[PDB]
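Residue numbers begin at 1 in each chain, while the letters A, B, ... track the order of the sequences. Keep in mind that the numbers below use all heavy atoms, side chains included, and drop hydrogens, waters and symmetry copies.
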Amino acid sequence: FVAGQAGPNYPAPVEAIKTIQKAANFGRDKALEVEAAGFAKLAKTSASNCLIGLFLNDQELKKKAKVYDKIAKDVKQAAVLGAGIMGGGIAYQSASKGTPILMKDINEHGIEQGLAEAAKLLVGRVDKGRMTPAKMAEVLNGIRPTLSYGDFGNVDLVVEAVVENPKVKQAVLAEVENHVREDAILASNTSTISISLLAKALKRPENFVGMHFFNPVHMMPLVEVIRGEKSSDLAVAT
Amino acid sequence: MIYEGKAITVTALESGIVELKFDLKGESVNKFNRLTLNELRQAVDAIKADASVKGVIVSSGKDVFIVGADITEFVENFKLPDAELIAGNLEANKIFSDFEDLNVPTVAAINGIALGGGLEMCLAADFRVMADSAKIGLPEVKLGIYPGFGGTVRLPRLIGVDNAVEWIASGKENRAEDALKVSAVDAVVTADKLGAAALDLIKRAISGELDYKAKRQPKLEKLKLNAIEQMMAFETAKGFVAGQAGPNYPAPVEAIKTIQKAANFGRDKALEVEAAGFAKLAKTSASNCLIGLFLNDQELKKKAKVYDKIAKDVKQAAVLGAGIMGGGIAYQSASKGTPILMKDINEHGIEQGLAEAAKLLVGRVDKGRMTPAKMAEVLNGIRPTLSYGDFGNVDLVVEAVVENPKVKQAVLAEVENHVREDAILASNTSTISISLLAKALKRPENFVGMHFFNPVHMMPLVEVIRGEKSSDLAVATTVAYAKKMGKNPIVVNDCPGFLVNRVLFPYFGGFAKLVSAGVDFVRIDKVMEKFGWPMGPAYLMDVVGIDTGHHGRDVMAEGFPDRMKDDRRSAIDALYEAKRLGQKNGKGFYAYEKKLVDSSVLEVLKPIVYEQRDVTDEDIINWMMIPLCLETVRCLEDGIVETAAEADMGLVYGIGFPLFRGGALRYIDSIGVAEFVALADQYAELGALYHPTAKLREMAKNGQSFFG
Ligand SMILES: NC(=O)c1ccc[n+]([C@@H]2O[C@H](COP(=O)([O-])OP(=O)(O)OC[C@H]3O[C@@H](n4cnc5c(N)ncnc54)[C@H](O)[C@@H]3O)[C@@H](O)[C@H]2O)c1
Ligand SMILES: NC(=O)c1ccc[n+]([C@@H]2O[C@H](COP(=O)([O-])OP(=O)(O)OC[C@H]3O[C@@H](n4cnc5c(N)ncnc54)[C@H](O)[C@@H]3O)[C@@H](O)[C@H]2O)c1
Ligand SMILES: CCCCCCCCOCCOCCOCCOCCOCCO
Ligand SMILES: CCCCCCCCOCCOCCOCCOCCOCCO
Ligand SMILES: [Zn+2]
């Protein structure tokens, strides 16, 4: 079982089993010897020090994390432009982690897809005992569909996830900017367009950055926060 | 063909198999009216005479299988003398029995709805094949009666006492799935294979593969149950049904008594027991009042069609204010397939609204009554907000803000500039004038009242209030929207207290006069509860809240000084001034920990007890009922409501008027207009609330009635 799940490239799991199997009929002291021998062996493997190196990387990232947090402004209210694949995925994630978010779009159909998917995921978890019906309620109530900017007044960070078109993005980005606080951060989820290019359509580029997620938003761990030439440390940190 | 009528046809098929099909030409459904019964007699005799017949398949040519006859004939039939009624039923049952005694296999092919007589026809056959989309059941109890064509005889012998009782005492429709599990039916197939399944089954009966005689036998003999098991089954059935239907509903218990009396009998004797009980029930006052409710509903449905001719469907709705009513309205709207915006002024307000919508949805899922996926659809339907940014395409906006004229007039005027100029605006107000609120608007023709009752998801009634400027379109649209939300709307012209509250207070007045007369309030509502009221006056006042009743009284007193203004302090004043606000407050007439009698109230009420007048239970009922009934009559005469049906159903849905009594106006009809007027005068000393109207006295003499 462990073999077909860890893979041939991960010695640790199988060795632990081999150690317990070798010590099966032994008392404490002999069983410890079997443990020690296998331990020494693993500690010298390439898989082990590369895994330990990931841990060291994480530590480094956490130190930079503390620096970012010294200035990062908490996002109490978020907003995402565009529902659907990425937009809806972003809404789901934000709401799922304790951050109310507005799901803006241009037509009812767009909001349908967004809400539909957020539902399938939430329902899926409850249909698997991994989530409380009450929790599913909290998440959904966190997502607030809309087709206007009437409630953007107190949004701290807006994520633009519209069609991959420079002209379109520059228009929308410029538009939303006139509907949020002037200290609100704006971000684009674009994967092939220049953040510094998009920022030129704005009057407050210092607050514009890239927040690149990966499909499916709820699955992929990575988010590339892109710093444009004008992107302020605050915009990035936040 | 073997037989060709206007309701039934008997066409020969292969291998001697014959098909008796129901298709009432010219009508939309099949039903056992006089014509069909007569033709069934002939069809049966024709088959009984054709020695070449090897089997019979009973089918339908309509979308339904067979439903009940027109309520109209029920009314007529039940006017006949017991001897005639019973003789007529003996004759009908003879037809079904003769079909059941055919010395040939029989199968009923249930394609659609088969209710009452329709199901009874099916029970008469040897086998029953049902389409997975069809439904069957015996709704007789709804009319205050019970199965009259062998239903109480065949169903118990086919699916067992417990299950037969459950079907008959509830009158519920049963889906194919459930019908197969209790064996009311023998097979369930898709609509496209119903014909082939019936044909296949019949052949297997003819070949002897299926012993149709053995399958028929059970309904021709006594039940299989022990004397001991019978006692257990019947006594628990009576016990359970008793504390659930109430003492005022004979039908459910009689059906059980009938099955118990016939337990050891074969078909014919069991039919006799059934017939006798049936005749008895058909003459009860409960039955014709229940049947009258049905007639009222039919009237409402005809007005429904007229409203729908112009009513604009509400694709997108909006409610101003979350919280108790606002959130409740949002929940309902979203729960019935209509997206709705929940607007408020502060996040806390939206919290409460969303919180409650959640508790309800979660509650249903936490009891397998709702799918987690469905709960998602509902919640996504409610869209919280604090601006009017999305109101652009709203078709109807319901205002459910604080009870303050100033506030409402401001908000209403504000939203009007954020919606289409053809959007309907409605207020959920219970004590403010719709025509007054409409003056703050520039498009009053589109303003009406849409009055819901707490808790919005529980209360069936919705009073659509027409202001003096309210257009028929505005009213029609609001009506249809209420129906879509699963409510029962009744149009009422603007007036203090509208229809429901305006009628309730004269009722509470009488209660106030009783308490001021030294009558024990615990005895009072015990009497009114026995009368049929869900809750007694005192207890109801608590649930509603003394503070609420205090305010209401003031509004009505201002509204109709000539009869609702009292120049003496009542128990309401004593409890309010004493801060005994009701159930919510923890103390009112009773004490709540839940409902308890606490003598500490005696002191509070003492100052109110003027005389120590002695009274009978019958007087108590009249002190309460006469004011309520007369005020209803006034509403009809004032034109607050157009028809008696509307007024009575308004009280049935919004006040919980005892169903077996039909309504306030129908109650007067039961007592007798002349008799009621006479009765009223007897209490003329109590005030203007007990004074009959000229129009009433007039119809009292002309032998006129509200429904007769
Ligand atoms: N292949 C992927 O799935 C993927 C991976 C990474 C990054 N991205 C990025 O995500 C963005 C596209 O997201 P998508 O995959 O959901 O595409 P999509 O077409 O499925 O979604 C676009 C949504 O935005 C809505 N929209 C359009 N104009 C709008 C406006 N002015 N305001 C608000 N909503 C508007 C549309 O109606 C639609 O619902 C692009 O920037 C793309 O580079 C996509
Ligand atoms: N007993 C009842 O609960 C009942 C029964 C029938 C009808 N009504 C009617 O319902 C209305 C009151 O409803 P309620 O009992 O839920 O009151 P409530 O106090 O429980 O809720 C009022 C909500 O409206 C919000 N609000 C206040 N001003 C607002 C504005 N200008 N715009 C938008 N939202 C605003 C408040 O913040 C609050 O969330 C009244 O008109 C009353 O007559 C109440
Ligand atoms: C035989 C057992 C009956 C069971 C009791 C249930 C009651 C069912 O009876 C229904 C009869 O309804 C009578 C109404 O007929 C009036 C026709 O209305 C005219 C409107 O036409 C619309 C047709 O869709
Ligand atoms: C002053 C505030 C007003 C409060 C009034 C509410 C008090 C009423 O409470 C009673 C609960 O109402 C129950 C409604 O009963 C439902 C009706 O049953 C439907 C059957 O209709 C037959 C149709 O054929
Ligand atoms: Zn007072």
Whether the side chain of [X] engages the backbone of [Y] through a donor-acceptor N/O pair (distance < 3.5 Å, no angle test) should be reported.
{"X": "B/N428", "Y": "B/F452", "result": "yes"}
{"X": "B/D573", "Y": "B/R569", "result": "no"}
{"X": "B/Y690", "Y": "B/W623", "result": "yes"}
{"X": "B/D344", "Y": "B/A322", "result": "yes"}

In terms of side-chain heavy atoms, does [X] have a donor or acceptor partner in [Y] at a distance below 3.5 Å?
{"X": "B/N417", "Y": "B/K442", "result": "yes"}
{"X": "B/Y539", "Y": "B/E529", "result": "no"}
{"X": "B/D547", "Y": "B/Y576", "result": "no"}
{"X": "B/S470", "Y": "B/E445", "result": "no"}
{"X": "B/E646", "Y": "B/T643", "result": "yes"}
{"X": "B/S333", "Y": "B/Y481", "result": "yes"}

**Study point:** Counterpart residues, side-chain hydrogen bond (donor to acceptor under 3.5 Å, both in side chains), relative to B/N501 (two or more places apart)
**Key:**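 Partners of B/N501 by the side-chain hydrogen bond (donor to acceptor under 3.5 Å, both in side chains) criterion come out as none, since no residue qualifies.
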*asked:* Test of understanding: with side-chain hydrogen bond (donor to acceptor under 3.5 Å, both in side chains), list the residues that count as partners of B/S287, not counting sequence neighbours.
replied: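 In terms of side-chain hydrogen bond (donor to acceptor under 3.5 Å, both in side chains), with neighbours along the sequence ignored, B/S287 is linked to no residue.
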NZ or CZ of [X] within 45° of [Y] ring axis and under 6.0 Å:
{"X": "B/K343", "Y": "B/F391", "value": "no"}
{"X": "B/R661", "Y": "B/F531", "value": "yes"}
{"X": "B/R666", "Y": "B/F707", "value": "yes"}

Which heavy atom in [X] sits nearest to a heavy atom in [Y], and how many Å separate them?
{"X": "B/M564", "Y": "B/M556", "value": "SD-CE, 3.5 Å"}
{"X": "B/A474", "Y": "B/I424", "value": "CA-CG1, 3.8 Å"}
{"X": "B/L386", "Y": "A/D151", "value": "N-OD1, 3.3 Å"}
{"X": "B/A644", "Y": "B/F706", "value": "CB-O, 4.0 Å"}
{"X": "B/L396", "Y": "B/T478", "value": "CD1-OG1, 3.9 Å"}

**Request:** Could you tell me whether the side chain of B/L665 reaches within less than 4.5 Å of the side chain of B/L636, counting heavy atoms only?
**Result:**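 Touching, per the 4.5 Å side-chain cut-off.
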Check: Do the side chains of B/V448 and B/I434 get nearer than 4.5 Å, heavy atoms only?
Finding: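 Answer no - side chains too far apart.
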Determine, for [X] against [Y], whether the closest basic-nitrogen to carboxylate-oxygen distance falls under 4.0 angstrom.
{"X": "B/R580", "Y": "B/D542", "result": "no"}
{"X": "B/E356", "Y": "B/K359", "result": "yes"}
{"X": "B/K408", "Y": "B/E399", "result": "yes"}
{"X": "B/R553", "Y": "B/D566", "result": "no"}

Who passes salt bridge (charged side-chain N to carboxylate O under 4.0 Å, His left out) against [X], sequence neighbours left out?
{"X": "B/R634", "result": "B/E631"}
{"X": "B/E468", "result": "none"}
{"X": "B/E347", "result": "A/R144"}
{"X": "B/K301", "result": "B/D297"}

Exercise for the section: Report the residues that fulfil ring pair (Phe, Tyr, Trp, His ring centres under 6.0 Å) with B/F453, sequence neighbours left out, ordered by chain and then residue number. Expected result: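 B/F453 satisfies ring pair (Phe, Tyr, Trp, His ring centres under 6.0 Å) with B/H451 once adjacent residues are dropped.
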Can you name the residues that form a side chain to side chain contact (heavy atoms under 4.5 Å, CB included) with [X], not counting sequence neighbours?
{"X": "B/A476", "value": "B/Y307, B/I310, B/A311"}
{"X": "B/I382", "value": "B/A330, B/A334, B/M342, B/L354, B/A357"}
{"X": "B/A438", "value": "B/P444, B/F447"}
{"X": "B/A664", "value": "B/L628, B/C629, B/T632, B/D648, B/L651, B/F657"}

_By the salt bridge (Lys or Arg N to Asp or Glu O under 4.0 Å) test, which pairs, at least two apart or in different chains, include something from residues 304-333 of chain B?_
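Counting only pairs at least two positions apart or across chains, the salt bridge (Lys or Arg N to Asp or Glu O under 4.0 Å) contacts touching residues 304-333 of chain B are B/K312-B/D422, B/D313-B/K484.
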task: Please find out if less than 6.0 Å separates the ring center of B/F521 from that of B/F511.
output: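 They do not qualify: ring centres at least 6.0 Å apart.
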